[PDB]
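Every read-out reported here was derived from the displayed coordinates using simple, explicitly stated rules and does not represent laboratory data. Here Cβ is always computed from backbone atoms with ideal geometry, including for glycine, and neighbour counts include all displayed protein chains.
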2 protein chains.
Amino acid sequence: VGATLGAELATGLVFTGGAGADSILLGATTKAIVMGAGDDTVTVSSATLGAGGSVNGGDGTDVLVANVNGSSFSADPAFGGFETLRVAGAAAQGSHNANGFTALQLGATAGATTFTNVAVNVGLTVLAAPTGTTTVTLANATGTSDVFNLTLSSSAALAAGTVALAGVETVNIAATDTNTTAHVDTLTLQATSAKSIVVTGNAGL
Amino acid sequence: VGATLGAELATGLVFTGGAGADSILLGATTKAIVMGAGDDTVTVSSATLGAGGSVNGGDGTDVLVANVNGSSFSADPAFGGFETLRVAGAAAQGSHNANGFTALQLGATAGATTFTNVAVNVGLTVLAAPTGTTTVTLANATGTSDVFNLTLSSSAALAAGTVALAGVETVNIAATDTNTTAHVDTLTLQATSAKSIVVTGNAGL
Ligand SMILES: [Ca+2]
Ligand SMILES: [Ca+2]
Ligand SMILES: [Ca+2]
Ligand SMILES: [Ca+2]
Ligand SMILES: [Ca+2]
Ligand SMILES: [Ca+2]
Ligand SMILES: [Ca+2]
Ligand SMILES: [Ca+2]
Ligand SMILES: [Ca+2]
Ligand SMILES: [Ca+2]
Ligand SMILES: [Ca+2]
Ligand SMILES: [Ca+2]
Ligand SMILES: [Ca+2]
Ligand SMILES: [Ca+2]
């Protein structure tokens, strides 16, 4: 099933995952971290690693969590095998390069956070109340049939805050409740060229 | 065989290559440039494109020439299908992200130029005298069996200048003459952990 360690590993410390959702916190690591198969999750406290100093998500859909002031994980060959970029943590903030990720997530944050170079058919899922305006800017917004999939996904009432979607024509919102007891989510949308808004889900908005 | 256009295209202007080595100069392009098959070459005058605003090298081994103050082409999804990164031009200079390229080239430059995040088995070929110290820093220099392949390749005597290869243990230099008439190349190497230097080729060093 996997193992999760809530404490940030030593910069000197090697970690090896297996099948199943393993989950750790890394700092400026000096060692070659492997995550194995299954849907894994590494949270980084610093954007670039050290010495050398790598982390491979391995097979499966793996989440990389940026607890940092900006990221560009696609550029760094130190990170590989990740599919989802989540911006969440007490230091999580600022401009984040979405390039090369197939999904996006957002949690509690230190301040306003921006996703750049977001490819087509890439959706954002918000999982907890962030701080400050969340801007999404697509790889190419210029067309007139631009579709974005926003998801809100929580057990309790979620105050998603402001998300800005400049140049998107159809905005799809899923409001998702993870438990059996009903709630109502809240969102400021700023989508000045949206012609359609479609809401799906099983919670209020 | 291909076509080559030495003038920089209009930012509004669409270009389509075929098979064979086509070759152009781009600025902050607004359009979707395709290069087709064969070994193509785009020179860019500005690091990020515009509007949107893309250039795909297509099939084959294609060169991207950075006539700019720094690059990170791997990060930008606007560029794709390139295999070789060359730093050459009257504005070419500064820090350049080698990530995702399988070969490197260097020509005449505006000033000191640095290749970062250079993967293993990636070699540099210098084609003309650059300006200022050329630093190569590898993706991972930390091991004790590090091999780098430097090539010097010119018709006439080539003053390669200073190249710095911190953390490389075996430095291989090819000194290559492209014509039948003999010459002697010059190089300052700064390789403070090299145990071996091997020189091959058909010109003097
Ligand atoms: Ca695993
Ligand atoms: Ca995995
Ligand atoms: Ca994977
Ligand atoms: Ca990556
Ligand atoms: Ca609920
Ligand atoms: Ca649009
Ligand atoms: Ca819009
Ligand atoms: Ca071509
Ligand atoms: Ca090509
Ligand atoms: Ca590329
Ligand atoms: Ca190609
Ligand atoms: Ca000669
Ligand atoms: Ca070394
Ligand atoms: Ca050395």
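Computed from phi, the 3J(HN,Hα) profile of the stretch B:138-151 under the Karplus parametrisation 6.51, -1.76, 1.60 (θ = phi - 60°) reads 6, 4, 9, 8, 5, x, 10, 10, 6, 10, 10, 9, 8, 10 Hz, with x in place of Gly and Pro.
FRET efficiency for B:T144 and B:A112, Cβ-Cβ distance as r, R0 = 35 Å, nearest 0.05? Efficiency computed from Cβ-Cβ geometry: 0.75. The reciprocal of the average 1/r between distinct C-alpha atoms defines the Kirkwood hydrodynamic radius, which for the stretch A:1-65 equals 11.4 Å. Less than 5 angstrom separates the built amide H of B:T125 from those of B:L104, B:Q105, B:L106, B:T151, all sequence-distant by 5 or more or on a different chain. Given their separation in residues at 0.36 nm each and the Cα-Cα distance between them, A:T48 and A:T178 gain 43.4 nm when the chain is fully extended. Under Stokes-Einstein, with the Kirkwood radius over Cα pairs as Rh, the value for the stretch B:1-118 at 37 °C and 0.692 mPa s is 237 µm²/s.
Take B:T4, move 7 Å from Cα toward the beta carbon, and the resulting point lies 5.8 nm from the same point in each other copy, nearest first.
The modelled label-to-label distance for the pair B:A3/B:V120, using points 7 Å beyond Cα in the direction of Cβ, is 4.4 nm. Here the Karplus curve 6.51 cos²θ - 1.76 cosθ + 1.60, taken at θ = phi - 60°, turns the phi angles of the stretch A:196-205 into couplings of 10, 10, 10, 10, 10, x, 9, 10, x, 9 Hz, with x standing for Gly and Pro. Taking amide H as placed 1.01 Å from N in the peptide plane, B:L205 has its amide H under 5 Å from the amide H of B:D185, each at least 5 places away in sequence or on another chain. Highest mobility in the GNM of chain A, judged by mean-square fluctuation with C-alpha springs under 10 Å and restricted to A:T125, A:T151, A:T16, is found for A:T16.
For the stretch A:92-205, the relative contact order is 20 percent, taking Cα pairs closer than 8 Å that sit 6 or more residues apart in sequence and dividing their mean separation by the residue count.
Taking the label point 7 Å along Cα→Cβ, B:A166 and its counterparts in the other copies are spaced 3.7 nm apart, in ascending order.
Sorted from closest to farthest, the other copies place their A:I197 label points 6.8 nm away, with each point set 7 Å from Cα along Cα→Cβ. Computed from the Kirkwood radius of its Cα pairs, the Stokes-Einstein diffusion coefficient for the stretch A:48-93 at 4 °C and 1.567 mPa s stands at 115 µm²/s.
Calculated FRET efficiency, B:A37 to A:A166, Cβ-Cβ distance, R0 = 30 Å: about 0.25 to the nearest 0.05. Reported to the nearest whole Å, the Cα centre-to-centre distance from the stretch B:130-167 to the stretch B:80-104 is 14.
How many percent of all Cα-Cα pairs in chain A sit more than 31 Å apart? Result for the distance tail: 20 percent.
Closest approach of a chain A beta carbon to the axis mapping chain A onto chain B (residue, whole Å): A:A75, 2.
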